[PDB]
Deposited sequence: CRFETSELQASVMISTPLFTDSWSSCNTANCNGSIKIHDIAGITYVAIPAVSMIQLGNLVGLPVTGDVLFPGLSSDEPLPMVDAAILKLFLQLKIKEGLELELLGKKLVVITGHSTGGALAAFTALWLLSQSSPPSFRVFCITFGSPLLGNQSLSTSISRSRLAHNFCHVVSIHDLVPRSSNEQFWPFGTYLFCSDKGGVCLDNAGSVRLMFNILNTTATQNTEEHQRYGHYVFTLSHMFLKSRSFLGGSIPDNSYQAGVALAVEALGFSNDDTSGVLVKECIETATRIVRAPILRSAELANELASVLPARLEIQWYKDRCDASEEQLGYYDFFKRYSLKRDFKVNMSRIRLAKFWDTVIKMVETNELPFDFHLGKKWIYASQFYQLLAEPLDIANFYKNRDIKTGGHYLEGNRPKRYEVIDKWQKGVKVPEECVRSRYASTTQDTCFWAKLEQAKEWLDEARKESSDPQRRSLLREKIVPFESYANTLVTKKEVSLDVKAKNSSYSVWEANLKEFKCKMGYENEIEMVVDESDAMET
């Protein structure tokens, strides 16, 4: 929208010592012909040589039973698949044994390769970064003209895990190897498209694929352009000596359009050719797609700030309810009756439910960053909201229910937002006093379930078998209640004398 960063990010990557050091290691590994481990300027380099093979294009799922395991990438519903030949060569070279033991003590490790060696280096970096625990060193991968490794599910699983920025794939605009794999293969990690004049970074899988399509349809074809990677690295690494103006035409007065034009000319296409227009549209679309989630997260943060008085209202309602002389708890004060305070807490609860419904639906639709729920701010926000408001929602549900056809709350009647919040909280000692709020949010729903169960158990006195079975399903509820209260992980309103918990307790004990 305002600043073009695609060409800048590429310049940042090109200007580093990692660029030339990685290419030097790749050249040495290609010349020797085997895996090399090297130390330059305190950084360890694992250069994996280009290995000639016959088969490339067959996908196989990740191995769950083997020495090479991947705890990190097993969440994507379509099992993340990788190229079969790459994994077979990984096992054949015994990179695990020859690597995990030789890298002990190192603190910065860069893994790099040319052609097939690049796809292997990406695979090994993914293995190092995908273990159950983060490694003893930081891992960065740089590949040169590597063919695509896996399928779209694997790319999405990498991006969702925040591992895509540990990979940089330098690709020449004429190197046909990465542009020609089967359409089931998807890219991942930042791609650096370079030419004789400059480089441009793209970090979105869809935009990278569109760039591959554009290059396939327009640009020329050659094979030595894969052995020209040496010339490309050297030429790119020495542009800091040369002033590089926008040669040909006059830049648009706008800053963003001038940036886009400069990026397009860095890729080598003129701003007047069909290739140039296609590339310019691709770049603009990529920047827009990157920008949108950050804007949406900012807007949702503003909306969350605007909603805080509602949560404060619910906290005040709890305080006045458990500070009142009837001693019912705010659950019963909200479900039994309907007062002015109940009306206002209802308004606040409706606002909270609406806002969090919007937040959850935006999260699921993938309109927000993948690192959204991992952020501890939204973890706290969802946690406090759920703890304060879920019993109110349960009260509302059993207040507006049919006693029989309405069923119960957890059996398919629970809103999706609370389940997603359960996911978020799980994704991230005895208590001296009672907890401020009940730790088991669905406590009251289970209590209502057990109240119906005990009503049925007392409904019949001529069916001792049904009495016994209802007792079998009532005992784990009371055991769970005792475990919850002994740890004092429940708010004091659960122990109120006129709270529904107390009367149900008395009724069940007199029932025995």
| item | value |
| --- | --- |
| Ranges missing from the model, given as deposited sequence positions | 429-433, 518-538 |
